[PDB]
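**Q** The structure is given below, and queries will be raised subsequently.
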Amino acid sequence: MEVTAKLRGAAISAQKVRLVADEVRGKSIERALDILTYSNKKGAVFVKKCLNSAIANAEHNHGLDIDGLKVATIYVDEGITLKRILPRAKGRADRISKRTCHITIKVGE
Amino acid sequence: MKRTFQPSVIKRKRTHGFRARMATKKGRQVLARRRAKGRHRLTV
Amino acid sequence: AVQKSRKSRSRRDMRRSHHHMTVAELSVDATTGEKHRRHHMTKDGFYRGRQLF
Amino acid sequence: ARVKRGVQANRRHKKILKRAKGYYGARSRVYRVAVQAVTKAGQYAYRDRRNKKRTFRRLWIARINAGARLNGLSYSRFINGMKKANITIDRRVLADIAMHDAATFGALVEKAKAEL
RNA sequence: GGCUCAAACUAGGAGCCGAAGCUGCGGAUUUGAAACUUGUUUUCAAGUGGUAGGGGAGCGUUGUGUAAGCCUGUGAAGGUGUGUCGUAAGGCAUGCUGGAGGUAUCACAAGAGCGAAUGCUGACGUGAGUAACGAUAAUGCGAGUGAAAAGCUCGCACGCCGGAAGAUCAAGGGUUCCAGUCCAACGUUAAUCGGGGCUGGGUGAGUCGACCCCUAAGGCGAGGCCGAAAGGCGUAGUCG
RNA sequence: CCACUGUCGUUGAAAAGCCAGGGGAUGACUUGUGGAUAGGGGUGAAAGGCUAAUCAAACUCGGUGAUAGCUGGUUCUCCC
RNA sequence: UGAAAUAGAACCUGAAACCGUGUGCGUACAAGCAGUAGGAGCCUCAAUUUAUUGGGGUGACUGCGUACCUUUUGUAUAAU
RNA sequence: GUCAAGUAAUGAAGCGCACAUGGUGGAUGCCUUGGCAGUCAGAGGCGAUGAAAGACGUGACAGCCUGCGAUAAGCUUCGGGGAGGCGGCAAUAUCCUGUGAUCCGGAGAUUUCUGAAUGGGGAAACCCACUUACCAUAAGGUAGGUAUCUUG
Ligand SMILES: [Mg+2]
Ligand SMILES: [Mg+2]
C-alpha cells in the first residue's frame, strides 16, 4: 500500500516547490529527510513537514515499518491564488498573483 | 504637489450640506432624486 | 523589447532544464555520531572532535 | 423561449478537438488552432488521395525499370515490347513480379525482347 | 549537380514519362425522356469548379401541444470515453462519472447554432521565477523570548537629524492612543513585531478652545419693488 | 515664493519629481481662514490661459438607441 | 457519521483553458504553417495451435505542403 | 586470440504525442428565495393630531438587520386560536405558558431628536430663548403657549 499526506495551501509558488520535490522523488525516507533538512530552499520546509506527516501516518494509522519506506510518489499542484493590486507609476495598476500550492506525498515499500 | 481636494468641513457643509440643499428648489429636487434612488447618504 | 509570439510550453521547459536545487554534502561526526554539513559544526556545537559551547 | 448554447457548443468543440488528436501544442488543445489544423489536414488528405496514385505509379515504374535493366532492356523498350506482344499486365502487378519473382520477370522480358 | 562525336544546337525518326484531361471499375446527385408510375420500381441522355448573389432540401437546440402518455434510483439531465450509422448538419447504442429528472412521433413558436467585431464578463497562460523591493543616515555583537530572530525586547558599541527627522497646535482624520493576546490576510522579505486581527481600557475645566455677546466680507430677508411661471432684487432686520 | 540650465528618471519614489546650479526675496510680495463671479457664461499684467489630473466652449443627467453614402463584425449543413 | 465524504463546509454536478505525476513509444548530424500520403521498428490487448493477422499507442525514413479571417486587381505576405 | 576494414544496438539534460490519474477553475445540467409581462377587480394618497425621509437609542446577550420609542423586539383592551414560546443571522442563559403564553385581526395608549419644522437661529439630527399656570428652594421640574400667509 501507499500512505498519503496532503499539504494543501502552502503559501509559496508550486514552480518553486517542484525543484525540491524533484530531488526527493523516489528516494528512501532517510535520504529524503537529509536532503530536506539541509536544503536552503523555503519549499523544503513544506516538503519536509508533509513527508514527516506521511511517515507518521504510515507508522500510526497503518503500522508500517518506516525503515523500509520510500517516497513512492510526490507532486505539487497549484493552489488558490490571492489577487492583489500593485500600484505602478503614472496611476497605472497591476495585478499580483500570490500563488499557493498543494503538496501530495505518498510513501510506500 | 497640491491636489484638487483640500477638505474643509465648514465649506463642505455650506456648499453641499442639507440646509444648502433645502434652501433651493433645485437642491430640493436633488434631495427628491436621491430619496427616489434610495441612497443611504442624502447629503454630505 | 517584447515577444512577437507567446513561447511554447516545450521551449519554456527547455529553458528550465538547468534549474536544480543544490544538495548539501553531509558527514558523520566522529564523537557524537550525528549527521552534519561537511566542514560545518553539528547543530550542537561539535566539529572535528571539538566542542564550542 | 431562451436557448442556451452551452451543451451544443461543447459537443461541437469536442468533435473538432477529437479530430485534432496527436497534433503539436495548441493544435491539439485549443479550438481556434485545432479547427484550422483539422481543415488543413482534410485539404492535404484530399490532395494526397490524388497524389498517391501518381506516387505509386512512379514507384512501380522505377521497379520495372530496374527489373528490365537487370535483363538487358530499358523501361521504355520493355513497355513497348509488352504493348506489341498484347500483354495487358498493369504496372502494379509487373512491379510486384519484378520485386518478388525474378524468373517470371525474366520470362516477361524475354517475351518483350522477342517482340522487338 | 554536372555536361563537349553533349546531357548544347539544326534537321528528321522511333519509344517512353507525364494532369484532378480522357478511358476503366464502384458509388452519389441535378435535369429531362420512357414505362407497375406523387421513390415503386428500373433504365437512358446530358450534366454536377465557383465569390457576390438567386433557387431547393434538411440537422440540431429552447419552449407549447400530443403527454394524467412513455422512460427513469434496476439510475434522468449534464460530464467523459468507446463503438456504430448517415452526403452533411448529425443520430443511435453503450462503459465510467452523476444523482433527479428527461422526453418518442407529428405539428407549432423561436432570446435557434460563433473564431474573429483593437467585441463584453470571468478564469488562466507567455513574458519569468525575469524587473523591482521606494531616498546611499549604517550598522555590529551578546543576551532574552520563541516552532523559528538580520529586522522584536533588553544591553553595550557604532551612525543619522537637531530652524528637525525634536516639541505645541490649527486644519483634516477618527481610536490610529495604552495594555494584554494572536500571526492566517495586511506590512513590497521573515516577524515572536505593528498604525494588522481580537479583547479590555483611556479623553475629568468658572479660568484652555468652542458655545455665548458683537459685528466684516458676504448671505437670507415681515412688509416693498420687479418678473410668463420658476424666480430676481432690496428696507427694517437676522445671520455670518 | 518661483522655475532659467543640465544630468537623471520616462512600465517613475512622482499622471510633471529629484539632484546640482538658477531668480525674486518690504513688495505690482507671499500666505491662512471665510466669501463673490458659472458655461457661449465667468475670470484673464492676454498664453485661447484657467474654470477640480477635463477647455477654441466644463461636468452630470436627459433629448438619445443623435446621425454615420464610412470602417469592423454577422454564428448549422448539403444540392442546383 | 452518512446511501454517498474526490457530498467535509471555498462542500451538488464539476467542462475547458492552464499546471503536475506516472506508463509506452519517439527525439541530441539535423533546417521552415508542424500536417498529410506512405512507412520500418518498438510497446500493448485479442484471437490463432502460436510472432501471423486484427485493434490501440508511438512514428525512424520518403514525397508533397508558405495559418485563418477581412479587404482587395491581386495577400505566406513584412496589410487588418 | 591479435590486428585491420566495415557495420548495428544502447543512451535523455530535457522535450513531444497518447493514455492513466490529479490540481486549478467554475462552465454545464438540474434547482429557486428573485425578477418580467399581463387579466379581472379594488384603491388612488400621506401630512401642523407633525408626513415622506432619516439620526440616535431600545434586548440577559458584542455587531448588523427587523420591530419599537425613555411605557422603546414593546403596554391596555376587544375578538380568533389551543401548546408551545421570548423577531433573523443564531445559538446560549434566565425564564414565560391550560390562571390560555407565543401567534393572528380590530381599537387604544406611549410615540426621543431631525425634517414642511412652525419660538429665534443653524454646518439636519444642534445652539439660544421668551411666556402662562403649578410645584421646588435654590441655579430647577411638570403641563402648555409663542412661525408665516390667506379668509373671516
Ligand atoms: Mg486643469
Ligand atoms: Mg463539487
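Same order as they appear, the protein sequences are chains RF, Ba, aA and PO.
Sequential numbering from 1 applies to the first sequence in PDB author numbering.
Sequential numbering from 1 applies to the second sequence in PDB author numbering.
Sequential numbering from 2 applies to the third sequence in PDB author numbering.
Sequential numbering from 2 applies to the fourth sequence in PDB author numbering.
Even for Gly, the Cβ is constructed at its ideal location relative to N, Cα and C.
Which residues in chain aA have a C-beta closer than 8 Å to the C-beta of RF:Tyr-75? List them in chain order.
**A** Here the premise fails: no neighbours, minimum Cβ distance about 16 Å.
**Q** Which whole-angstrom value describes the C-beta separation of PO:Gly-82 and PO:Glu-116, a residue pair presumed to lie in contact below a C-beta threshold of 8 Å?
**A** Rounded to whole angstroms, the Cβ separation of PO:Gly-82 and PO:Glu-116 is 4 Å, and the two are in contact under 8 Å.
**Q** Can you pull out the residues from the region 23 to 50 of chain aA whose beta carbon lies closer than 8 Å to at least one beta carbon of chain RF?
**A** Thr-23, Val-24, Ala-25, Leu-27, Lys-36 and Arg-38
**Q** On the three-state DSSP scale, how would you describe aA:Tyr-48?
**A** coil
**Q** How would you call RF:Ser-13, buried or exposed, if buried means at least 16 neighbouring beta carbons within 10 angstroms?
**A** buried
**Q** According to DSSP, is RF:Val-71 part of a helix, a strand, or is it coil?
**A** Strand at RF:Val-71.
**Q** Between the region 43 to 57 of chain RF and chain aA, which residues of the former have CB atoms less than 9 Å from a CB of the latter, in chain order?
**A** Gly-43 and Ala-44
**Q** Going by DSSP, which residues form a beta bridge with RF:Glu-2?
**A** In DSSP, RF:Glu-2 forms a bridge with RF:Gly-108.
**Q** Applying a beta-carbon distance threshold of less than 7 Å, which residues of chain aA neighbour residue 111 of chain RF?
**A** For chain RF, the structure presents residues 1 to 109; residue 111 of chain RF sits outside this window and is missing.
**Q** For RF:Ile-12, which residues in chain aA fall below 9 Å Cβ to Cβ?
**A** Correct list: empty, because the minimum Cβ distance to chain aA is about 14 Å.
**Q** Thinking just about the alpha-carbon of each residue, which of RF:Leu-51, RF:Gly-9 and RF:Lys-42 is nearest to the one in RF:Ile-80?
**A** Nearest of RF:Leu-51, RF:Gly-9 and RF:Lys-42 to RF:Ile-80, Cα basis: RF:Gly-9.
**Q** Does RF:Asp-34 come within less than 8 Å of chain aA when only Cβ atoms are used?
**A** Closer than 8 Å: yes.
**Q** Given a cut-off of 8 Å on the beta-carbon distance, is the pair PO:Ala-96 and PO:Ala-113 in contact?
**A** no
**Q** Look up PO:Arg-33 in the DSSP assignment and give the residues it is bridged to.
**A** Answer is none; PO:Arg-33 lacks a bridge partner.
**Q** Could you round the C-beta distance between residue 122 of chain RF and RF:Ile-103 to whole angstroms and report it? I think they count as a contact, below 8 Å.
**A** Nothing in the structure corresponds to residue 122 of chain RF, since chain RF is present only between 1 and 109.
**Q** Please compile the residues from chain aA whose C-beta is within a distance smaller than 7 Å of the C-beta of RF:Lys-41.
**A** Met-22
**Q** Is the CB-CB distance between PO:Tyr-76 and PO:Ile-62 below 8 Å?
**A** Contact: yes.
**Q** Under 8 Å Cβ-Cβ, which residues of chain aA neighbour RF:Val-20?
**A** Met-22
**Q** What's the gap between the Cα of PO:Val-34 and the Cα of PO:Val-94?
**A** 43 Å
**Q** Do you know offhand how far RF:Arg-99's Cα is from RF:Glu-23's?
**A** 22 Å
**Q** With which residues is aA:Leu-27 paired in a DSSP beta bridge?
**A** Per DSSP, aA:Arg-38.
**Q** Distance, Cα to Cα, RF:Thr-37 vs aA:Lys-44?
**A** Cα to Cα, RF:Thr-37 sits roughly 12 Å from aA:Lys-44.
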